[PDB]
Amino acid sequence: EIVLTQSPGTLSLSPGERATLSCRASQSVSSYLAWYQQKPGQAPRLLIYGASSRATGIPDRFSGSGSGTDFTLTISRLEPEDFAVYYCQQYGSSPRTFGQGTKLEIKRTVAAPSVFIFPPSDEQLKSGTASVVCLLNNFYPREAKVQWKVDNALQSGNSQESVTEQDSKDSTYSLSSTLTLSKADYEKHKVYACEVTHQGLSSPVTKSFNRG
């Protein structure tokens, strides 16, 4: 077994810059490395075979370098079609192993999220559960804080969050915070508020509704 370590773990550069990705190995593999690119919801695509040889159909801006235990992938002319997760794989000694990956993020202007709140549907209430969904739409950067205050009481342990991948048009993020409660507990409270903290907001934004 030989372990490949990729540095950095994550990286976020503006379009048009140069992205430098390192890939270090336990033992020396003598340029027997390969670089792959995996866009979200898609299979890995071969970029570079060997330490430096470029696979067919890949632009010249992708370049591989290094030998032995140190390898480098340099992507010049960063275009929005880029910015996926990149793995490096060795094939000098069996079994072949991959790196942990390096997420590539696009960098853009700060965009304040658009906060929307959805009370549970009447159809869902008939089943016995209530779900309150809070939506953060088209925001950058990815870091955001969402708090659930029910009757001005902070909630914990009854919410889950989901984040989309970077958009292909405006390169923003979307986040959904869902508060799940039993309908019996749902009728025990009146005000359901969703408080959002983000860099693009000077002060936290609160969206709330009254049951009824």
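Numbering starts at 1 and runs along the sequence shown.
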Between 76 to 84 and 99 to 107, point out the one with the higher average CA B-factor as the PDB entry records it.
76 to 84
Looking only at C-alpha temperature factors in the entry, 22 to 30 or 150 to 158, the higher average sits in 22 to 30
Taking the Cα B-factors listed in the entry, which of 67, 42, 168, 53 comes out highest?
168
Temperature factor at the Cα of residue 194, chain-ranked in thirds, falls in the lowest
Temperature factor at the Cα of residue 173, chain-ranked in thirds, falls in the middle
State the tercile, meaning the lowest, middle or highest third, of residue 4 with respect to the CA B-factors recorded for its chain.
middle
Of the three thirds of the chain ranked by Cα temperature factor, residue 11 occupies the middle
Is the Cα B-factor recorded for residue 35 in the lowest, middle or highest third of its chain?
lowest
